[PDB]
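Engineer: Chains as they are written, first to last, in the deposited numbering: chain A, 2 to 255; chain C, 2 to 255; chain B, 2 to 255. From the three backbone atoms N, C-alpha and C, an ideal C-beta is built for every residue, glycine too. Before we start, here is the structure in question, set down as structure tokens.
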Amino acid sequence: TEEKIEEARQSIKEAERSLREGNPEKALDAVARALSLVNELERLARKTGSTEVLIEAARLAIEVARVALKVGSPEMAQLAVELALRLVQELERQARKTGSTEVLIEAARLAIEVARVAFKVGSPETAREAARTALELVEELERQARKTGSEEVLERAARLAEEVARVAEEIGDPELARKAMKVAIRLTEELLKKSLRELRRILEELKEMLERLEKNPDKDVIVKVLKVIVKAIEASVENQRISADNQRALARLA
Amino acid sequence: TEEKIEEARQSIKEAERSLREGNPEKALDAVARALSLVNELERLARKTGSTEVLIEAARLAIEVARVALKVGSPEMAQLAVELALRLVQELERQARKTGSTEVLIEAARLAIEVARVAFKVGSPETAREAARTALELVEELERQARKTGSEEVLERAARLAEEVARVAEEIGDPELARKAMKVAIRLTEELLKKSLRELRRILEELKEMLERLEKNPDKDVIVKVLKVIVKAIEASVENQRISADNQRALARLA
Amino acid sequence: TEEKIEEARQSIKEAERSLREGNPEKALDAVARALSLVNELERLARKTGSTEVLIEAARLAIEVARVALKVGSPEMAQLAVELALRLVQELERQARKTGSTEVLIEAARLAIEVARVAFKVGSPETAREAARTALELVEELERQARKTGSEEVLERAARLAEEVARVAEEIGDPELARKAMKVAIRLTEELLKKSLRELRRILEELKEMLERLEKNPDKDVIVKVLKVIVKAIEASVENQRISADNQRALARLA
């Protein structure tokens with residue numbers, strides 16, 4: 002099912018070691034074996050349905066394109082990147098049907114690596130479609146992070162969208178860069194919302210831990226006061242950190 | 002007087018009852034009564050000079066336009082929207098002759114409702130003018146808020162400026178949408194100025210309440226210090242709320 | 002050498018006073034003497050290498066152009082402005098070879114005045130080059146401030162870049178005005194970086210001056226606690242100041 006895949010792992014390890022010796026056709030052999038094996042993983046993983054195989058098959062196909070560039074075959078690298086897109090988009094199908102956010106995050110990281118590699122390879126049309134699929138995954142993290150409400154997927158999706166925009170700036174697509182930056186701003190703004198909501202909580206904590214304890218000048222009361230005072234400063238510092246990332250997200254629209 | 006208002010309220014009901022019944026000529030008649038009744042309420046209010054009747058006549062004329070749609074009479078709804086602007090502008094005049102900013106605020110809220118209704122109606126030219134008279138009112142709230150110096154009229158005028166922008170986008174008008182967003186950033190910035198100037202005050206309060214009282218570790222001195230520390234934290238929260246509104250006002254330029 | 006400067010200072014003063022008398026040719030002569038004397042101050046300063054003589058000769062040539070406009074010779078003013086550019090750009094070469102930031106700042110101010118003067122003069126070509134050289138000086142204050150890390154050369158360069166943008170708007174170059182405003186946002190963001198980092202310092206100070214002294218409620222301990230609490234509020238106000246400058250710097254892109 003999936004242990005026959007370890008042939009692709011070993012054939013890639015042999016490709017880089019036969020490069021240093023000076024054998025061009027024996028190094029292209031270990032690269033071509035990986036390309037044909039990774040091709041079969043596209044259909045072997047469709048039977049097993051495992052997301053991990055599609056991930057590791059995509060990571061191998063990206064490193065094959067990175068090797069095929071140093072070998073001198075921009076056509077082996079073109080196919081290797083085109084085969085990475087087919088694998089990433091299949092994770093996009095399995096991550097919508099399984100609804101897992103973890104796969105959506107690692108699949109978005111793959112689509113970013115596919116885009117950066119495809120320009121050093123020489124296939125910008127597939128790279129633009131790699132950035133388009135990357136924003137599609139980040140926009141699906143938007144939909145799920147606003148449903149689960151987790152302040153961790155909002156942060157990760159905001160980090161990914163800014164990498165998608167920086168990639169799209171390396172691409173030559175300011176349309177995708179400005180789409181990705183806007184997506185980053187809509188996320189980091191709702192991070193400011195939930196972070197300011199936490200300041201509204203600690204404020205009223207620093208109002209009931211006081212207006213009842215302003216009459217009692219106890220030693221333990223005053224120290225309890227000093228404990229809530231700094232636990233409010235600890236949280237207002239983070240909003241000044243989150244608001245700074247908005248001013249950095251807003252500035253990358255320039 | 003007061004009864005011709007409830008007469009219009011009953012005829013609007015009869016218009017909606019006769020639509021479920023099926024009578025088209027009698028639903029049009031009940032709408033026709035409403036427009037002629039609301040017209041008389043305009044004439045009567047222009048002679049009594051009451052801001053209440055002008056507001057209750059505008060809110061009737063708006064809902065007459067909403068009913069004149071479902072009846073299938075966009076001409077009756079065009080006139081209904083036109084008559085709402087005639088009433089909103091007559092609130093602009095009595096707000097300058099009575100110097101009341103509360104009439105201005107309630108007149109701008111009406112000018113916004115007229116704009117949203119006039120597209121569902123189908124008279125965008127009167128809707129664009131409803132948005133234009135809505136910015137004329139926000140910009141009068143600028144003048145008077147910069148005269149009375151209230152940090153609340155600036156907030157309402159800024160919220161109105163944003164709502165004028167969101168309407169102007171539903172309108173189409175990207176000129177008014179950008180006018181209303183540049184007017185919004187004008188206000189939300191001067192809110193940060195008047196709010197940071199209040200931090201500079203309480204900072205120097207937390208510096209004279211210490212440099213003298215760092216030597217005296219009294220029970221009343223230390224409790225005095227803890228009272229100014231949180232009254233400063235109460236104020237820095239407001240700047241992190243106003244600066245957050247700036248970042249939302251700036252993000253709507255994208 | 003440097004005593005011929007005071008001769009030019011008297012000849013410039015003789016021009017405006019002979020304008021009040023009514024002598025047009027003797028006012029043109031006093032301007033012609035100044036332009037020839039300042040020219041000699043340029044040739045002498047290029048051999049002595051003194052930065053102060055290049056500055057004083059530039060400030061004279063600028064006021065020579067200001068007087069040459071009142072007298073009525075826009076050709077003497079075109080030369081006086083071009084000669085000011087020759088002096089500032091030579092300070093740009095000496096300030097890169099000596100690395101002094103004090104010269105870079107005053108030379109950027111000189112270039113700003115050269116631009117504002119040349120439009121009253123009538124040579125917009127030289128004025129636009131005066132603003133280009135101003136941004137070059139400001140962007141060289143970027144390179145030196147990001148090496149020494151001084152949070153104050155970042156402040157001065159940010160104010161210069163904003164003045165260059167104000168000039169460029171008076172120029173008619175929104176290209177430069179947007180270049181200068183993006184240069185300002187680059188600086189005020191790194192001011193936020195090094196100000197939030199100073200806030201990460203005092204956070205962990207308000208954690209180690211507490212979580213060990215939470216158990217020890219001494220009169221000297223709690224006063225030392227209050228000292229660090231306000232020294233944190235001292236710094237978090239400076240971030241809300243700087244972050245407000247980022248929101249004003251970003252709003253100028255509208």
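With the cut-off set at 7 Å, would you say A112 of chain A and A131 of chain A are in Cβ contact?
Structural biologist: Cβ distance < 7 Å, so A112 of chain A and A131 of chain A count as in contact.
Engineer: Output needed in chain order: residues of the stretch 225-251 of chain C with a Cβ under 9 Å from some Cβ in chain A.
Structural biologist: Those residues of the stretch 225-251 of chain C that come within reach of chain A (Cβ to Cβ, closer than 9 Å) are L227, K228, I230, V231, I234, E235, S237, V238, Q241, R242, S244, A245, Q248, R249, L251.
Engineer: At a CB-CB cut-off below 9 Å, which residues of chain B make contact with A255 of chain A?
Structural biologist: The answer, in chain order, is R179, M182, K183, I186, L251, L254.
Engineer: Give the residues from the stretch 197-226 of chain B that approach chain C closer than 9 Å (Cβ to any Cβ), ordered along the chain.
Structural biologist: Cβ contacts with chain C: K220, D221, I223, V224.
Engineer: Would you decide whether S37 of chain C is buried or exposed? Buried here means 16 or more other CB atoms lie within 10 Å of its CB.
Structural biologist: Counting Cβ neighbours within 10 Å, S37 of chain C comes out exposed, since fewer than 16 surround it.
Engineer: Should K232 of chain C go down as buried or exposed, given a rule of 16 or more other Cβ atoms within 10 Å for buried?
Structural biologist: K232 of chain C is exposed by the Cβ-count criterion.
Engineer: Using the Cβ count rule (16 or more neighbours within 10 Å means buried), how would you classify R187 of chain B?
Structural biologist: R187 of chain B is buried by the Cβ-count criterion.
Engineer: Alpha carbon to alpha carbon, how far is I230 of chain B from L192 of chain C?
Structural biologist: Using only the alpha carbons, I get a separation of about 26 Å.
Engineer: Going by C-alpha to C-alpha distance, which of C:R44, C:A108, C:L197, C:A250 sits closest to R60 of chain C?
Structural biologist: The option with the nearest alpha carbon to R60 of chain C is C:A108.
Engineer: Where does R60 of chain A fall in DSSP's three states?
Structural biologist: Residue state, collapsed to three classes: helix.
Engineer: Is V65 of chain B near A28 of chain B, with beta carbons less than 7 Å apart?
Structural biologist: Contact flag unset, no.
Engineer: Give the single residue among B:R144, B:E3, B:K216, B:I243 whose Cα lies nearest to the Cα of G50 of chain B.
Structural biologist: Checking every option, the nearest Cα to that of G50 of chain B belongs to B:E3.
Engineer: Residues of chain A with CB under 9 Å from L192 of chain B, in chain order?
Structural biologist: Near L192 of chain B there are no residues of chain A at all, since even the closest Cβ is about 11 Å away, more than 9 Å.
Engineer: Identify, in the order they occur along the chain, each residue of the same chain with its Cβ nearer than 8 Å to the Cβ of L177 of chain A, setting aside the five sequence neighbours on each side.
Structural biologist: Excluding positions up to five away in sequence, the list reads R129, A132, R133, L136, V165, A166, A169.
Engineer: Quick check for students: name the residue ranges of the alpha helix (DSSP H) that lie wholly in the stretch 32-94 of chain A, counting only runs of 4 or more.
Structural biologist: The stretch 32-94 of chain A contains these whole alpha helix (DSSP H) runs: 52-72.
Engineer: Return yes when the Cβ of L142 of chain C is within less than 7 Å of the Cβ of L105 of chain C, no when it is not.
Structural biologist: Their beta carbons are under 7 Å apart, which means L105 of chain C touches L142 of chain C by this criterion.
Engineer: Starting from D246 of chain B, trace the alpha helix (DSSP H) in both directions and tell me its first and last residue.
Structural biologist: Where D246 of chain B is concerned, the enclosing alpha helix (DSSP H) stretches over 220-252.
Engineer: Specify, as a first and last residue, the run of the alpha helix (DSSP H) that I6 of chain A falls within.
Structural biologist: No alpha helix (DSSP H) holds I6 of chain A; DSSP gives it neither H nor E.
Engineer: Roughly how far, in whole angstroms, is the beta-carbon of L55 of chain C from the beta-carbon of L86 of chain C, given that I think they are within contact range, below 8 Å?
Structural biologist: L55 of chain C to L86 of chain C, Cβ: 12 Å. No contact.
Engineer: On a CA-only basis, which of A:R198, A:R202, A:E190 is nearest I243 of chain A? Give me that one, please.
Structural biologist: For the residues A:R198, A:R202, A:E190, the minimum Cα distance to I243 of chain A belongs to A:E190.
Engineer: Can you round the beta-carbon distance between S237 of chain A and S237 of chain B to whole angstroms, since I take them to be within the 8 Å contact cut?
Structural biologist: Indeed, because the Cβ distance is near 7 Å, the residues count as touching under 8 Å.
Engineer: Is it right to say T102 of chain A is buried, meaning 16 or more other beta carbons lie within 10 angstroms of its own, or is it exposed?
Structural biologist: Burial call: buried.
Engineer: Going along the chain, which unbroken runs of the alpha helix (DSSP H) with 4 or more residues stay wholly within the stretch 110-198 of chain C?
Structural biologist: DSSP runs (the alpha helix (DSSP H)) wholly in the stretch 110-198 of chain C: 125-149, 154-172.
Engineer: Quick one: using the 10 Å Cβ neighbour count with 16 as the cut-off for buried, is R213 of chain C buried or exposed?
Structural biologist: With fewer than 16 Cβ atoms within 10 Å of its Cβ, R213 of chain C is classed as exposed.
Engineer: How close, in whole Å, do the beta carbons of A62 of chain C and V32 of chain C come, if the pair is a contact with beta carbons under 8 Å?
Structural biologist: Wrong, their Cβ atoms sit about 12 Å apart, outside the cutoff.
Engineer: For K14 of chain A, count neighbouring C-beta atoms within 10 Å of its own C-beta (all shown protein chains included) and say buried if the count is 16 or more, exposed if not.
Structural biologist: Classification of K14 of chain A: exposed, given that the 10 Å Cβ count is below 16.
Engineer: Going by CA-CA distance only, name the one from A:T52, A:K180, A:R67 that's closest to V115 of chain A.
Structural biologist: The residue with the shortest Cα to Cα distance from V115 of chain A is A:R67.
Engineer: Given a cut-off of 7 Å, decide if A146 of chain B and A185 of chain B are closer than it, judged by their beta-carbon atoms.
Structural biologist: It is not a contact, given that the beta carbons lie outside the stated cut-off.
Engineer: Note down, in chain order, each residue of its chain lying with its Cβ closer than 8 Å to the Cβ of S124 of chain C, except the 5 sequence neighbours on either side.
Structural biologist: Cβ within range, chain order: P75, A78, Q79, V82, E83.
Engineer: Mapping DSSP to helix, strand and coil, what is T102 of chain B?
Structural biologist: Three-state DSSP puts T102 of chain B in a helix.
Engineer: Near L207 of chain C, what residues of its chain come up, given a Cβ to Cβ distance below 6 Å and the 5 sequence neighbours on each side ignored?
Structural biologist: Same-chain partners within the cutoff: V229, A233.
Engineer: Could you compute how far the alpha carbon of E43 of chain A sits from the alpha carbon of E8 of chain A?
Structural biologist: Whole-angstrom Cα-Cα distance: 15 Å.
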